[PDB]
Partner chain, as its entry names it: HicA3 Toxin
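Here you get one chain, nothing else, as structure tokens; it is the form deposited without its partner chain.
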């Protein structure tokens, strides 16, 4: 899953933050350091959490949000992208059972096969579940 970052030049190096996550500043000197430095900052503030068993936040969907942000249009900020694998931060898998009506299951399966933004039922219902609970809106 891909999270947004703003990157600013600074005199020796660059400093940046996750606009959608307070208390996540980062820095470094060559631009080749950005994503590495960033995820590490991300992971540090977050280890507070899911040693408590908390979930990764849902990543944003709307691009206009960021293309209209004044910090990018006028104050010289630069958009960047940190890619994260949830399997790495989230623990072991859990397999479990549900019951619902056939016609609903059918409806869901037919929805996934036409949308194709979804590889299976677990991914689909997991995606729907992480945003109701913890969205970055």
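Residues that one form lacks are left out of the comparison. Positions refer to the first chain, counted from 1. Note that the rigid core is defined as the largest set of C-alphas that superpose within 1.5 Å between two forms.
Another form, the form deposited with its partner chain bound, is not on view; read the next lines as being about it.
- Residue contact with its partner chain in the deposited complex: residue 58 places no heavy atom within 4.5 Å of it.
- Within 4.5 angstroms of its partner chain in the deposited complex, the stretch 14-30 places a non-hydrogen atom from each of 14, 15, 16, 17, 22, 23, 24, 25, 26, 27, 28, 29, taken in sequence order.
- Residue 52: CA moves 2 Å or more between the shown form and the other one after rigid-core fitting.
- Note on residue 35 and residue 55: their C-alpha atoms are more widely spaced in the deposited complex, a change of at least 3 Å from this conformation.
- Pairwise change in the deposited complex: residue 35 and residue 56 C-alpha atoms lie farther apart than in the shown form, at least 3 Å.
- Listed in sequence order, 48-65, 72-75 mark where three or more consecutive residues have CA shifts of 2 Å or more between the shown form and the other one on superposition of the core.
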